[PDB]
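S.K.: Input: one structure, supplied below.
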Amino acid sequence: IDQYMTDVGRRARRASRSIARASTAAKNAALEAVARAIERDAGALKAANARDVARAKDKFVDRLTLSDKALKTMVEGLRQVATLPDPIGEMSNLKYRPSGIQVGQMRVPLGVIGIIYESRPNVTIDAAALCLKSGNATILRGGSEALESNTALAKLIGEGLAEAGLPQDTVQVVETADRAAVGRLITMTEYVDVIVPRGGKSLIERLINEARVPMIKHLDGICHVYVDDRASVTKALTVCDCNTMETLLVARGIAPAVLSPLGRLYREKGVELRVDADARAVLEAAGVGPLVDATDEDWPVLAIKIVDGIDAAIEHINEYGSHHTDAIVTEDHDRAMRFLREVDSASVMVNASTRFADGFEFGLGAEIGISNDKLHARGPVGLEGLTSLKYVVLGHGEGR
Amino acid sequence: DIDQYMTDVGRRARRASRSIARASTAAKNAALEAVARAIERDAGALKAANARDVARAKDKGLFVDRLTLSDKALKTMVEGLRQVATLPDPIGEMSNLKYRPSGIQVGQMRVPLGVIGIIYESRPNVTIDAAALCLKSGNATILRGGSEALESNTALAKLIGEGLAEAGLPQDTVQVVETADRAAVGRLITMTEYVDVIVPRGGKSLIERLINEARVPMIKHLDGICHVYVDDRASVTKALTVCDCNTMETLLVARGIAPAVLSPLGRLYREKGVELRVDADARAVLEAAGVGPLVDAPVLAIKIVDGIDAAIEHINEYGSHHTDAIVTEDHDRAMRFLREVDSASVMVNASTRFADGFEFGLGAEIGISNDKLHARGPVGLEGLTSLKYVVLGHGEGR
Amino acid sequence: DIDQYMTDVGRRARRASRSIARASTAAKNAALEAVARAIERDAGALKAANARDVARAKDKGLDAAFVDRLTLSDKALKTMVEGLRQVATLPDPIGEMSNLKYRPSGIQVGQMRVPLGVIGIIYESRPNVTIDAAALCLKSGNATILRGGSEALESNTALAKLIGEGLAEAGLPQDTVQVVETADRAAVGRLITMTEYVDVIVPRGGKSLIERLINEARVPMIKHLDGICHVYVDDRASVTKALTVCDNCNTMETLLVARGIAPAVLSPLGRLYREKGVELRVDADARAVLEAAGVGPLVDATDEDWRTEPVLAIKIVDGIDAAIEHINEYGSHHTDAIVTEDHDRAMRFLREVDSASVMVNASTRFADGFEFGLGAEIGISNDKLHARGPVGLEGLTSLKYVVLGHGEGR
Amino acid sequence: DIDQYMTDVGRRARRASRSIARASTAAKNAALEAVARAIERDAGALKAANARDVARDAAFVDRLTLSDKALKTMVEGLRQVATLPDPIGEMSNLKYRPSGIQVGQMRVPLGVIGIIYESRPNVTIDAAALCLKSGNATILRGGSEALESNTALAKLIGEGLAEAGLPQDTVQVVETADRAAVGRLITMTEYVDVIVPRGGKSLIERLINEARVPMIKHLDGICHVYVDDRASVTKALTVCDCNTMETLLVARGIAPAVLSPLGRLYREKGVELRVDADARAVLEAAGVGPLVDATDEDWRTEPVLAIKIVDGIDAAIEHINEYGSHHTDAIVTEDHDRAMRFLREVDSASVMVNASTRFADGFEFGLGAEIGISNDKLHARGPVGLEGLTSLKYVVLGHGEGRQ
C-alpha cells in the first residue's frame, strides 16, 4: 500500500507537466464538458447518491445529499470557474536592471494538490475544477460514506479530461479505503505541494499534528465583533445582526445603549446569550433574558463580554480569537484604522458584518477554502492560492 | 530549564511583536541607525569578544576568517544596517481597495509575520544582517547563531538592544539565544504558538536535519544542481559570456551545437582549474577538441542532450528548482523554457549567477527559496510579511 | 443663446457629475439594467422610429455605409442590450484606492481612481452610440453630454428618453445624461471649447468629422485619426506564421517584407490576396518578386501609398532596422506587428516601434478592446498621453493622490 | 531664421529620441554621472558665465546666482536621478487570452519633452536629467536672463552625452532669447510630445490659450484646509501651521475652539487675516487682530490667509470644488466617514486627511523626483515624477494566431 500511494504521487507529478502546459481554451473545454456530463447523468447521479444517502441514514448527512439544487450548483460552479481568468503563464513587473537583464515574475501552478474530504461529494467536482483551471494535477481522497457518489463524479471528470485531450492522471482518486493512505499522502512531500482539507475539526486536528505537506485550511473560527464606545448604535445593530460572529465585545461606555437593543434583537431570534458578569448586569437592567453565565472556555449561541475599550478589545481578539475574521464598529477614524492594522486576523473589518469574509463577497469569484495562516494564502482563497510566483529573466547574454 | 528558557523567549518574542508591528517607519529606521553608531567606536568590546571566539576556535581548528570580525567586516556590517534603513517600509501598505456591489470596500494590507526565527552558522555578521531585515519588516526576531560565534553574537545582541532602546522599541524585539546547547534548535523549530517562520542558513546536513524535525514553516534552500542549457539555436558568443548556490553545476548542451560550443567552453573552464565531469558524448566531443583531462560521470558536470524537450525534462527531474537558464536565439524556445522549467528563477541568455536579491532589485536578501509557496527565489523584506484582507464598510450586514 | 444654452448644459453636467461620482456600484448597475429592460420593452417602437430615420435618409440619397450604420435591426438592438449588461457586469472602477504606503514623515500616501467628471460624446449616424457611450461613461461615474447627428434624430431621441427612464429608476439625476437638442452646427464648436465644463471628448464618426475637431477642439479628445497599420515579415519569420498572420483601423494597410524572405513569402501571399480581389500596390522590388512568381496584376506604389488609408501596399526592406524606421515614420502609431522567430528581433520590435499596440507573431486585428480583455471599448487611441490603444472604462477615469495622515505638519 | 532654427531643433529632437529611447539603464546613468563630473571640472568657466549673467530686481538675482551651494545641489541631483530605477521598457500584466495570444503593456518614453522655464539655471540640469533618465529627448527654453549660463550648462550636458555614446541632440538648449521660440515650441505638434512649463500664472495662462502641444502644468490657485466640527484641536493646530494653504475653512461648531489659538499663531507669524463676517466675530471675541474683511474675490485669489466659516463638510467640499485650484486640499477630522467622504468627493490632485497640504510634493510622496506639479485630470495629476514623462502601450506575445 506504500507503493500504491508512491505510484499515485509519481503519476501526479508527471501529469502535472501536461496540465501546466494546457491552454486556457483546453482547460475551459474540460470544465464545460464535465458540466454537460452532469446535466446528462443527473438521474444516474441522483440515483447513485440516493444509494449513498440511504446507507448513511442506516447508521452531515445533509451535506452528503445531492438534490437537484446541489447538482445545479455544481454545474453552475463549473461554468463560473471556466468564466474566471486563466491565471497561469502571466508575467508581471518585468523591469530592466542596471546590469542589463530584465527581471520579473511568472505565475505558474503549484503542480500537485491533494484534496482530503469527508462527506461533501460535491468537493469532488468543486475542488478538482479549481485545481484544474489553475493548471494543477489533483489527488482526490474522499470518505467511505460517499464512495458511489465520488466514484461517479470522478468518472465524469475523466470524461471531461478525455474530451479536452488531457491525461486521465490530471485527476487521480485514491481508490482504496485503507487507513494509512492519508498518512502517506500528507507526508508525500516529493510529489504533493499542498493539501486542502474539507472536513471537520477532528480530521483537521489530525492533519495539523501529522502532515508534513503544507496545508491551506482554517481550524474552525472564533470571530469577534467589537462595538467601540464611539460606535454608531445604528451601524452596530445592522452589523451585529465559519465566519459567523461567536463573540460580541462591547466597550463599557456604550454597553447600555448597545446591549439593550442588541440583546433584545438576538433574544427574539432564539439566540442563547452567554455573558460575563458585567454584560449580565447591563442586560438584566435592560430587562433582556434569560442569560447564561459565561466561563473562560466560552472565549445559535452568542458570547458577550464587556471590555474597557479598543486596547483591551484588540488584545482579547489577538489572544483568544482564531485570526479568521474580526470587525470593529466605530465612527472614530484613528480607531478604525488602528483596528485594521493591529488585529492580526485573515480578514479585518470596519463597520461591516463578519459574514462578508468569503471569496465571492471579496470578488475572488471562487473559494477553495479559507485560510487563517500567515504564509502564502490568507483569508478566503481563490485560484491564485493554487499558484506560485517564480522569477523569470529576459537576458541578452549578460555574464556574472 | 532549557525548555522553560526557550518558552520564555517565545512568549517574549510574541509580546514584543505587537510593538514592532506598530512601530513607525522613522522609529524602525532610527533603531537601525542607532545600532550602526553603537557598533562604531564600541567596536572594541565586539572585537575583544570575537577574539575570544576566534581563539577558542583555533584551539580546535579550521572557517576562522568567516568567524573573524575584521575592521572590514564591521564596516560592511554598518553599511548594511544603513542600506536596510534606506529601504522602503512595506508594513501597513494597503492595496487594491475596491468597492463591491454589496457596498463594502475590500482590499489587502501588508503586515509583519510577527516572529521570525533565524538559525545560522558562525558568521557573526548574519546576526546584524538578519535582525535588520526582520526589524525593518516590523517583526520580532529570535536568533540562534553558531556556537563558535556565541560571544561575538552575544556582544552584537547588546548593541542591538541599545539601538532599540534609543528608538523607544522594546528590548525583546530582538533576542539572541544565549546558550550553545543545540537542543535549543529543536525547541525553536517546534514552537508553533510563538514563531511564525524559520529562516535557516548553512550546509545541506544542517538544513536536512532541520527539515524533518521542524513544525514551524521554513523559508529555505535545499541545495542541488543549477543548470545552463545551451540550445542548438544558441549564440556561441552569448553561451561563452553566459556560461562563464546559484553557480552552474551542470552544463547541458544540445547535440547539434556541441562541437562548436564545448570546444571553447571546455577551454574556458579548464583554464581555471575547474574539473570536467562528462558523459560519454561530451567526452568524445571534448577529446576531439583537444580538451582534457576528463572525468567520467570547483567542478562542472557536462551532458549532451538531444534538444530542448530533453533539457526541460532533465532539469525538472534532476535539478534543485533553484536557478536554471537557457541559451537560445529562438523566441518560442526561450518563452517555453521560461514557462515550463519549474525553477524559482528561470533565465533566457543570462548567467544563473544573477539569481540574487540585489541583482533582482530587492535591495536585500534574507535568503533564497526553492519552495513553491509564499516566497520563491531570492527573498527580500516582503518574504517576512503577510497579506491580510481589510474591509472599509459603512454599516453593511449580510 | 446657443452660448447661453450650451453653458447651461455644461453647468448642469458639472452639477450632475457630483451625484454620479458618488453613486454606488449598485445604483449604477441598476440604471444600466433598467435601460436594458426598457430597450427590450420598446424594441418594436424603437425599430419603428429608426425606420423613419432610415427612410428619410435613403431619400436624401446618403452613403449606403452611412445608412447601414444608421440602421437599428433586431441584431443591433439585441447587441446594445448585451452591451448594457456587459457594462453592468464589469467591475466598478470608481473609488478604488491603491498603493497606500507609509512615508518616513508618518503620512500614508496612495492614489484613488475617480471619474473624469463630464464626457462629451460627438457622433454621426450610429444611434446605438447613444446607449453604448452613455453606458460606459455612467458606469465610470461620469456625467455625459451627447451630441448625435441630425439624420438619427428620431432614434437618438427615443433612446435617450429610455436612458432617462433608467436614471430615474435608479435614483440618479436626469442630468447625468444630457442630449444637445438643437441641430444648430454652432453647438459642436461650443462643446469642444467648453473647457470649464467638459473634461474629455470622444468623437465617433469618420476622418471628415475628426479632422474638424482635431483642428478646433480645446477640450482634450480620446480618438485616432486613420489606421495605417503594418505587418513586417522578418527574414527569420516562420513562413507558416507569416501566412496565418498576414492573411488575417486594425487591418494591415501595408506589408513589409525582408529582402531575404520575399520570394518565399510574397509568392503565396500575393496569390492569396489576388484570390481575394485585393489591389496590390508595390514598390519596384516587390514587383519583380511578384512578377517572377506570376502574381498579377500589380499597380506601382507611390510614396503617398505609404501614408494612405481593398488595397494593400507592399514594400521590400533590408531588415528590421529599415522596417522599424518605416513604421515609425509613415505609420499611424495604431497597431503594428512583426513576424519573426528570432527572440532579440521580436523584443527590439516591441520596444522600438512607437505604436499603441505592438505585436509579435499575431494579426494586427487582435488590437481591440475585447480581444485585450478590457471588456469594453470607448475607442482606440493612437495618442501617447493618458490612454493609448483600445480604451476601456479606465480611460474615462483619473488617478489622484489621497493621504491618510495623523496630524503631521511640515 | 528663428523659425527655420526651431523647426530644425524639433527635427533633431525627433531623430535623437530613437537613440535615447533605446538606451540602456547603464548608458543613461553614465550620461548623468558624466554631466555631474563635467560640471565639477569646468566649474570656473561656468561660474564666469553666470557672473556675466548675474550682472546683466530681487531676489531674482539670488535665484539666478549659481552659488557654490547650488552647484553642489545640482551635481547631487544628477547622481540622485541616477539612483532612481529605470522606468523604461518595463512590461506588466502580460496575461494569456482565450484566443491564445498574450497581451500586456510596456512603459515607454513620450519621445520629446519641451521644457519652458524661468531664470533659474538649475532647472536646465534638473529637468534635462529627469527627461534623459526617462528615455526622452529634451528641448529646453529657459529664461533670457540666464541665457549665457544655460549655454554654459548645455555644453557640459553635451560632454556627458558624448561620454555615454549618446547623441548630442538628446538635449538641446534654445540658443536665443527671441521669445518667438516659445510660440513655436508650444505648437510643434510634429516634433514635441508634451510641454512642462514652469513659472508664474501669467505665463502659464498665455501658454494654455496658445499651446497645441499638450502640457503637464498647474494653473496656480487656492489650496484649502477644512477644519471639521469633529476635528482634534491638537491636529488642527499642527496641520494648519506650491501647496501652501491660502484659505482656511472652519466649521461653525468648532470655530471658537480652533480659530482662537490658530489666529494667535498666525498673527505672531505675521500673516494678514482676511476674514468673512462670522470669523470676524469669533476672532474679535478672542482678541485676535487686526482683521481685514474678506472679499468674494479673496476665495479665488492667491502672506495672507483667507478664513471662512462654513456649516459643515457638505458646504466645505462644495466651496473647495467651486473655488479651489484642484491642487491640494485637506480635512481635519476625527470622524471616519467624513474623512473618507472628503478623500472621495474633493476633486483635487492631492486630497489629505489630517495632514498639511505642504506634503503635496514629489519627494514627500515617494516619487524621488518632481518634474512639476499637475492639477489636470488626464495623464498625470499631483506631483509628477519620471512616470509622467512616459506612456503605456500594448504589447502582444503571439504564436502565429490569425484573426480576420
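Within each chain, counting starts at residue 1; across the C-alpha cells, chains are named A, B, ... in the order shown, with ligands numbered 1 upward in that order.
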Neighbours of stretch 272-278 of chain D within 9 Å (only C-alpha atoms; same-chain residues fewer than 5 positions away dropped), as a ChimeraX atom specification?
M.R.: /D:252,263,266-267,283,289-295,298,303-309
S.K.: Atoms to include: N, CA, C and O atoms. Write the selected residues as a compact mmCIF listing (two decimals), in the first residue's frame.
M.R.:
# COMPACT_ATOMS: atom_id res chain seq x y z
N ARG D 252 -18.59 75.90 11.74
CA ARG D 252 -19.18 76.84 12.67
C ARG D 252 -19.12 76.35 14.12
O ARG D 252 -18.80 77.12 15.02
N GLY D 263 -5.61 81.73 15.22
CA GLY D 263 -5.46 83.14 14.89
C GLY D 263 -4.26 83.76 15.56
O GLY D 263 -3.50 84.52 14.95
N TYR D 266 -1.03 82.60 13.77
CA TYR D 266 -0.85 83.34 12.53
C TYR D 266 -0.39 84.79 12.73
O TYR D 266 0.52 85.26 12.04
N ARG D 267 -1.03 85.50 13.65
CA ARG D 267 -0.70 86.90 13.91
C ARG D 267 0.72 87.04 14.45
O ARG D 267 1.40 88.04 14.23
N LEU D 283 -12.93 85.71 15.93
CA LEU D 283 -11.59 86.21 16.17
C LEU D 283 -11.57 87.45 17.08
O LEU D 283 -10.74 87.52 17.99
N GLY D 289 -6.28 90.15 16.34
CA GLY D 289 -6.34 91.13 15.27
C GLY D 289 -4.99 91.70 14.88
O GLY D 289 -3.95 91.29 15.42
N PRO D 290 -4.99 92.66 13.94
CA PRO D 290 -6.20 93.13 13.25
C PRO D 290 -6.68 92.16 12.16
O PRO D 290 -5.98 91.22 11.78
N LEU D 291 -7.89 92.41 11.68
CA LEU D 291 -8.52 91.57 10.67
C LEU D 291 -8.93 92.44 9.50
O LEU D 291 -9.24 93.62 9.67
N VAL D 292 -8.94 91.85 8.31
CA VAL D 292 -9.40 92.54 7.11
C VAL D 292 -10.64 91.81 6.59
O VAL D 292 -10.70 90.58 6.63
N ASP D 293 -11.63 92.57 6.12
CA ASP D 293 -12.83 91.99 5.53
C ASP D 293 -12.49 91.21 4.26
O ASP D 293 -11.94 91.77 3.30
N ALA D 294 -12.80 89.92 4.24
CA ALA D 294 -12.58 89.13 3.05
C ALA D 294 -13.54 89.60 1.96
O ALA D 294 -14.71 89.88 2.24
N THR D 295 -13.06 89.70 0.73
CA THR D 295 -13.95 89.95 -0.40
C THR D 295 -14.38 88.61 -1.01
O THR D 295 -13.89 87.55 -0.60
N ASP D 298 -11.47 87.15 -2.70
CA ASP D 298 -10.44 86.55 -1.85
C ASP D 298 -10.47 85.01 -1.81
O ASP D 298 -9.45 84.38 -1.50
N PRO D 303 1.84 87.44 2.29
CA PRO D 303 1.33 86.41 3.19
C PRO D 303 -0.04 86.77 3.76
O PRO D 303 -0.11 87.45 4.79
N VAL D 304 -1.10 86.30 3.09
CA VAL D 304 -2.46 86.47 3.58
C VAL D 304 -3.07 85.10 3.84
O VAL D 304 -2.72 84.13 3.18
N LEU D 305 -3.96 85.02 4.82
CA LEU D 305 -4.79 83.83 4.95
C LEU D 305 -6.23 84.27 4.86
O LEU D 305 -6.63 85.26 5.50
N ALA D 306 -7.02 83.57 4.05
CA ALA D 306 -8.45 83.83 3.99
C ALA D 306 -9.12 82.84 4.92
O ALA D 306 -8.77 81.66 4.92
N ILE D 307 -10.04 83.32 5.75
CA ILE D 307 -10.71 82.44 6.69
C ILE D 307 -12.20 82.55 6.53
O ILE D 307 -12.76 83.65 6.63
N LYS D 308 -12.84 81.41 6.28
CA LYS D 308 -14.29 81.36 6.14
C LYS D 308 -14.93 80.36 7.10
O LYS D 308 -14.42 79.25 7.30
N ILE D 309 -16.05 80.75 7.68
CA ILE D 309 -16.85 79.84 8.49
C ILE D 309 -17.84 79.14 7.58
O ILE D 309 -18.53 79.81 6.80
S.K.: Which residues come within 6 Å of stretch 227-230 of chain B, counting only C-alpha atoms, excluding same-chain residues fewer than 3 positions away, as a VMD selection string?
M.R.: chain B and resid 248 250 to 253 324 to 327
S.K.: Identify every residue of chain A that has at least one atom within 12 Å of any atom of chain D, counting only C-alpha atoms, and report the result as a VMD selection string.
M.R.: chain A and resid 22 to 29 82 to 108 230 to 232 329 to 338 350 to 351 394 396
S.K.: Mind writing the picked residues with C-alpha atoms as an mmCIF file, in the first residue's frame?
M.R.:
data_model
loop_
_atom_site.group_PDB
_atom_site.id
_atom_site.type_symbol
_atom_site.label_atom_id
_atom_site.label_comp_id
_atom_site.auth_asym_id
_atom_site.auth_seq_id
_atom_site.Cartn_x
_atom_site.Cartn_y
_atom_site.Cartn_z
ATOM 1 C CA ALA A 22 -2.593 23.222 -21.246
ATOM 2 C CA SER A 23 -4.026 26.340 -22.871
ATOM 3 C CA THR A 24 -6.866 28.397 -21.417
ATOM 4 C CA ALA A 25 -9.234 27.008 -24.083
ATOM 5 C CA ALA A 26 -8.429 23.363 -23.336
ATOM 6 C CA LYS A 27 -8.925 23.790 -19.573
ATOM 7 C CA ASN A 28 -12.244 25.599 -20.011
ATOM 8 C CA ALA A 29 -13.300 22.940 -22.532
ATOM 9 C CA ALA A 82 -14.472 28.396 -16.711
ATOM 10 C CA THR A 83 -15.500 32.053 -16.801
ATOM 11 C CA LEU A 84 -12.660 33.020 -14.424
ATOM 12 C CA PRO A 85 -9.441 34.474 -15.876
ATOM 13 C CA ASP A 86 -6.728 31.919 -16.530
ATOM 14 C CA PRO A 87 -4.016 32.957 -14.087
ATOM 15 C CA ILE A 88 -1.313 30.671 -15.485
ATOM 16 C CA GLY A 89 1.617 31.981 -17.526
ATOM 17 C CA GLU A 90 1.048 35.616 -16.527
ATOM 18 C CA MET A 91 4.176 37.783 -16.423
ATOM 19 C CA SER A 92 4.461 40.861 -14.249
ATOM 20 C CA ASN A 93 6.876 43.637 -13.326
ATOM 21 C CA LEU A 94 9.479 42.823 -15.959
ATOM 22 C CA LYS A 95 11.913 45.654 -15.169
ATOM 23 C CA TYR A 96 15.371 46.409 -16.511
ATOM 24 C CA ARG A 97 18.306 46.325 -14.089
ATOM 25 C CA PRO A 98 21.496 48.372 -14.373
ATOM 26 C CA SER A 99 23.300 45.118 -15.230
ATOM 27 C CA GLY A 100 21.233 44.921 -18.424
ATOM 28 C CA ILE A 101 18.986 41.979 -17.579
ATOM 29 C CA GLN A 102 15.205 42.335 -17.419
ATOM 30 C CA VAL A 103 13.672 40.666 -14.316
ATOM 31 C CA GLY A 104 10.061 39.879 -13.441
ATOM 32 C CA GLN A 105 7.867 37.067 -12.164
ATOM 33 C CA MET A 106 5.651 34.480 -13.791
ATOM 34 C CA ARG A 107 2.559 32.941 -12.212
ATOM 35 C CA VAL A 108 2.630 29.132 -12.603
ATOM 36 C CA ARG A 230 -17.703 55.712 19.587
ATOM 37 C CA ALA A 231 -19.839 53.249 17.587
ATOM 38 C CA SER A 232 -22.996 54.312 15.816
ATOM 39 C CA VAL A 329 -17.898 49.104 14.841
ATOM 40 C CA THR A 330 -16.740 52.684 15.350
ATOM 41 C CA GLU A 331 -17.099 56.215 13.969
ATOM 42 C CA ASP A 332 -13.629 57.263 15.145
ATOM 43 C CA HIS A 333 -11.216 57.342 12.183
ATOM 44 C CA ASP A 334 -7.984 56.553 14.067
ATOM 45 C CA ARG A 335 -9.571 53.669 15.995
ATOM 46 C CA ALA A 336 -10.916 52.197 12.762
ATOM 47 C CA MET A 337 -7.544 52.265 11.041
ATOM 48 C CA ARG A 338 -5.706 51.023 14.192
ATOM 49 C CA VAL A 350 -14.556 48.336 9.854
ATOM 50 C CA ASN A 351 -18.327 48.738 10.141
ATOM 51 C CA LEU A 394 14.883 38.182 -20.139
ATOM 52 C CA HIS A 396 20.826 39.464 -23.648
#
S.K.: Up to 6 Å from chain B, what residues of chain A turn up? Count only C-alpha atoms and give them as a list in words.
M.R.: residues 235, 238, 239, 346, 347, 348, 349, 350, 351, 352, 353, 374, 375, 376, 388, 390, 391, 392, 393, 394, 395, 396, 397, 398, 399 and 400 of chain A
S.K.: So that I can see what lies close to residue C:365, please list as an MDAnalysis selection string the residues with an atom at most 6 Å from it, counting only C-alpha atoms and leaving out residues fewer than 3 positions away in the same chain.
M.R.: (chainID C and resid 250:251) or (chainID D and resid 403)
S.K.: So that I can see what lies close to stretch 267-276 of chain A, please list as a short mmCIF file (atom, residue, chain, number, x, y, z; two decimals) with N, CA, C and O atoms, in the first residue's frame the residues with an atom at most 12 Å from it, counting only C-alpha atoms and leaving out residues fewer than 5 positions away in the same chain.
M.R.:
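What landed in selection26.cif:
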data_model
loop_
_atom_site.label_atom_id
_atom_site.label_comp_id
_atom_site.auth_asym_id
_atom_site.auth_seq_id
_atom_site.Cartn_x
_atom_site.Cartn_y
_atom_site.Cartn_z
N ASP A 241 -26.14 42.06 13.53
CA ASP A 241 -27.24 41.17 13.15
C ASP A 241 -26.81 40.26 12.02
O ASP A 241 -26.17 39.24 12.25
N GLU A 246 -19.05 34.70 16.93
CA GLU A 246 -19.30 33.83 18.06
C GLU A 246 -19.21 34.65 19.35
O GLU A 246 -19.81 34.29 20.36
N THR A 247 -18.47 35.75 19.29
CA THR A 247 -18.26 36.59 20.46
C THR A 247 -18.49 38.06 20.15
O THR A 247 -17.93 38.60 19.19
N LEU A 248 -19.30 38.71 20.98
CA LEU A 248 -19.51 40.15 20.88
C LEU A 248 -18.74 40.82 22.00
O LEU A 248 -18.93 40.49 23.18
N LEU A 249 -17.84 41.74 21.65
CA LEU A 249 -17.08 42.51 22.64
C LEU A 249 -17.65 43.92 22.62
O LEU A 249 -17.73 44.55 21.56
N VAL A 250 -18.07 44.41 23.79
CA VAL A 250 -18.68 45.73 23.86
C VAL A 250 -17.93 46.63 24.84
O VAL A 250 -17.65 46.23 25.97
N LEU A 259 -26.28 47.15 24.11
CA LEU A 259 -26.70 45.82 24.53
C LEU A 259 -28.20 45.71 24.69
O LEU A 259 -28.77 44.63 24.54
N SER A 260 -28.86 46.82 24.99
CA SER A 260 -30.29 46.75 25.17
C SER A 260 -31.00 46.38 23.87
O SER A 260 -31.71 45.38 23.83
N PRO A 261 -30.79 47.15 22.78
CA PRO A 261 -31.48 46.66 21.58
C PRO A 261 -30.82 45.42 20.96
O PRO A 261 -31.52 44.61 20.35
N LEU A 262 -29.51 45.26 21.11
CA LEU A 262 -28.84 44.08 20.56
C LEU A 262 -29.27 42.78 21.21
O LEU A 262 -29.68 41.85 20.53
N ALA A 281 -25.23 42.21 34.07
CA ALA A 281 -25.81 43.33 34.80
C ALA A 281 -26.46 44.30 33.83
O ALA A 281 -27.59 44.73 34.03
N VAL A 282 -25.76 44.63 32.75
CA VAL A 282 -26.32 45.52 31.74
C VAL A 282 -27.61 44.93 31.16
O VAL A 282 -28.62 45.62 31.06
N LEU A 283 -27.58 43.66 30.79
CA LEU A 283 -28.76 43.06 30.17
C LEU A 283 -29.92 42.90 31.14
O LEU A 283 -31.08 43.10 30.77
N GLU A 284 -29.62 42.53 32.38
CA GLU A 284 -30.67 42.41 33.38
C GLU A 284 -31.35 43.76 33.61
O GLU A 284 -32.57 43.85 33.65
N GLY A 287 -33.77 44.46 31.12
CA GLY A 287 -34.88 43.51 31.04
C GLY A 287 -34.75 42.45 29.95
O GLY A 287 -35.75 41.86 29.52
N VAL A 288 -33.52 42.19 29.53
CA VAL A 288 -33.25 41.19 28.49
C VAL A 288 -32.74 39.89 29.10
O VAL A 288 -31.73 39.88 29.83
N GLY A 289 -33.42 38.80 28.79
CA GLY A 289 -33.06 37.48 29.29
C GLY A 289 -33.86 36.40 28.57
O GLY A 289 -34.64 36.70 27.67
N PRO A 290 -33.68 35.14 28.98
CA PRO A 290 -32.77 34.74 30.05
C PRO A 290 -31.31 34.75 29.58
O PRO A 290 -31.06 34.93 28.38
N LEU A 291 -30.38 34.60 30.52
CA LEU A 291 -28.96 34.71 30.23
C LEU A 291 -28.20 33.56 30.89
O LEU A 291 -28.54 33.12 31.99
N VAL A 292 -27.16 33.07 30.21
CA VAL A 292 -26.33 32.01 30.76
C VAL A 292 -24.95 32.56 31.13
O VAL A 292 -24.38 33.38 30.41
N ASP A 293 -24.42 32.12 32.27
CA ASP A 293 -23.10 32.55 32.72
C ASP A 293 -22.01 32.06 31.78
O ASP A 293 -21.96 30.88 31.43
N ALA A 294 -21.14 32.97 31.37
CA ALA A 294 -20.00 32.62 30.53
C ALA A 294 -18.83 32.11 31.37
O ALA A 294 -18.51 32.70 32.40
N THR A 295 -18.22 31.02 30.92
CA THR A 295 -16.98 30.52 31.50
C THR A 295 -15.79 31.06 30.71
O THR A 295 -15.97 31.73 29.69
N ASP A 296 -14.58 30.76 31.17
CA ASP A 296 -13.37 31.17 30.47
C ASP A 296 -13.22 30.40 29.15
O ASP A 296 -12.54 30.86 28.23
N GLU A 297 -13.87 29.24 29.07
CA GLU A 297 -13.86 28.42 27.86
C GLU A 297 -14.71 29.04 26.74
O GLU A 297 -14.43 28.83 25.55
N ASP A 298 -15.73 29.80 27.12
CA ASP A 298 -16.61 30.47 26.16
C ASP A 298 -15.88 31.49 25.26
O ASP A 298 -16.38 31.86 24.19
N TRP A 299 -14.71 31.94 25.70
CA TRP A 299 -13.89 32.86 24.90
C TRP A 299 -13.06 32.09 23.88
O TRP A 299 -12.14 32.64 23.28
N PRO A 300 -26.22 29.21 17.11
CA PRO A 300 -27.47 29.59 17.78
C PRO A 300 -27.16 30.18 19.15
O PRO A 300 -28.06 30.35 19.96
N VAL A 301 -25.88 30.49 19.38
CA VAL A 301 -25.42 30.97 20.69
C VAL A 301 -24.40 32.09 20.50
O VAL A 301 -23.62 32.07 19.56
N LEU A 302 -24.42 33.08 21.39
CA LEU A 302 -23.52 34.21 21.29
C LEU A 302 -22.87 34.51 22.63
O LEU A 302 -23.57 34.63 23.65
N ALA A 303 -21.55 34.64 22.63
CA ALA A 303 -20.84 35.02 23.85
C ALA A 303 -20.74 36.54 23.88
O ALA A 303 -20.52 37.18 22.85
N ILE A 304 -20.94 37.13 25.06
CA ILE A 304 -20.88 38.58 25.19
C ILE A 304 -19.96 38.97 26.33
O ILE A 304 -20.09 38.45 27.45
N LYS A 305 -19.05 39.88 26.05
CA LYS A 305 -18.08 40.31 27.04
C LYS A 305 -17.96 41.83 27.01
O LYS A 305 -17.94 42.44 25.94
N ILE A 306 -17.89 42.44 28.19
CA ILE A 306 -17.61 43.86 28.27
C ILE A 306 -16.11 44.10 28.41
O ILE A 306 -15.44 43.45 29.22
N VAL A 307 -15.59 45.03 27.61
CA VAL A 307 -14.18 45.43 27.71
C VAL A 307 -14.09 46.95 27.95
O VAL A 307 -15.05 47.69 27.68
#
S.K.: Tell me which protein, DNA and RNA residues are within 8 Å of residue D:321, counting only C-alpha atoms, leaving out same-chain ones fewer than 6 positions away, and put them as a ChimeraX atom specification.
M.R.: /D:346-348
S.K.: With DSSP run on the backbone, what are the strand (DSSP E) residues within stretch 252-384 of chain A? I'd like them as a PyMOL selection string.
M.R.: chain A and resi 272-275+292-293+301-307+325-329+347-352+369-371+379-381
S.K.: Please return, as an MDAnalysis selection string, all residues of chain C lying within 8 Å of chain B when only C-alpha atoms are considered.
M.R.: chainID C and resid 24:26 92:106 341:344 346
S.K.: Counting only C-alpha atoms, which residues from chain C have an atom at most 10 Å from any atom of chain A, and could you show them as a compact mmCIF listing (two decimals) with C-alpha atoms, in the first residue's frame?
M.R.:
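Wrote selection-v3.txt, looks like this:
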# COMPACT_ATOMS: atom_id res chain seq x y z
CA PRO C 91 -16.05 45.78 -12.05
CA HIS C 343 13.98 36.38 -29.96
CA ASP C 344 16.09 39.55 -29.90
CA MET C 347 11.82 42.11 -28.31
CA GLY C 373 -9.62 41.77 -22.01
CA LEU C 404 -4.11 59.31 5.34
CA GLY C 405 -2.38 61.42 7.97
CA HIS C 406 -2.24 61.57 11.75
S.K.: Could you pull the residues within 9 Å of residue A:321, counting only C-alpha atoms, minus those fewer than 6 positions along the same chain, as number ranges by chain?
M.R.: A: 221-224, 299, 345
S.K.: Name the residues of stretch 215-379 of chain A that come out as helix (DSSP H, G or I) in a backbone DSSP run; write them as a PyMOL selection string.
M.R.: chain A and resi 233-240+252-268+277-285+296-298+310-320+333-342+354-356
S.K.: Neighbouring residues of stretch 113-123 of chain C were defined as those with any atom within 7 Å, considering only C-alpha atoms; residues of the same chain fewer than 6 positions away were excluded. Please report them as a PyMOL selection string.
M.R.: (chain C and resi 13-14+17+21+93-97+137+140-149+197-205+396-400) or (chain D and resi 377)
